[PDB]
Every structure is written in structure tokens, then in C-alpha cells.
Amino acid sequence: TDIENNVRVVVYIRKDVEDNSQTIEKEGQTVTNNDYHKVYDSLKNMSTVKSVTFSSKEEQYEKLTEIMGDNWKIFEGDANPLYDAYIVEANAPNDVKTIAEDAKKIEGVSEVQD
């Protein structure tokens, strides 16, 4: 799942939408997540897309800590501020901007790094 810069789009997900969880909590029971894979589906349907990989904010938070920083006290423990993302690979770099604009239309998307 290593992608070359020139065909990578990062689609960050709204903090209020849980695209990767099949289940959620309702009335104390674990029940089905309606919104599951909506953003994933839209992205994976694009004909110029080759793969769409989930990167959970908790994953990037440990990876962020791995990349220098431990005394980041003033940020950590205080409610992880990172975003769930889809790392998307384009078939050609020519598509990247044609893909990023579309991604930013799909409801549930917060931002998109081209």
C-alpha cells in the first residue's frame, strides 16, 4: 500500500461521520452503521481510481508520534485532533486534480489534499 506522491490523493473525513465502522452504538446495543463505506463507495467507483485505503486518526496519531515528537504534551491526551482519511491512488497523475475536486463533493468529506 505504498503509493507514489504524484498519484496520491488524501481524502480527510468529517470528524462526525464514521465511514469505516460497520457497527455503531444505539440504545446500548451494537447495531449496523447506515453510513458505512459511503465515501469509500463513491471513491472506489471512480474509473481513474486504483485503490482506496482507510487510515484511521488513531493510526496517524501513533505515526505522528513516531515522526519526531514526544514532548508534544500540549497536544496529546487532550483529545486526538487528527482526521480519518482515505489514501486514494490515481491511475495517472493527470487524474489527481480530476479526482480531488470530486472527492470534496462527497458528503462526509471534510478536506482533500491533492
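So that there is no doubt, residue numbering starts at 1 and follows the sequence shown.
Q: Look over 47-55 and 76-84 in the entry and identify the one with the greater average Cα temperature factor.
A: Mean B over CA atoms: larger for 76-84.
Q: Which has higher Cα B-factors on average according to the PDB entry: 66-74 or 26-34?
A: Mean B over CA atoms: larger for 66-74.
Q: Compared with the other modelled residues in the chain, in which third is the CA B-factor of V7?
A: Ranked within chain, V7 CA B lands in the lowest tercile.
Q: Where does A90 sit by CA temperature factor within its chain: lowest, middle or highest third?
A: For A90, the deposited C-alpha B-factor lands in the lowest third.
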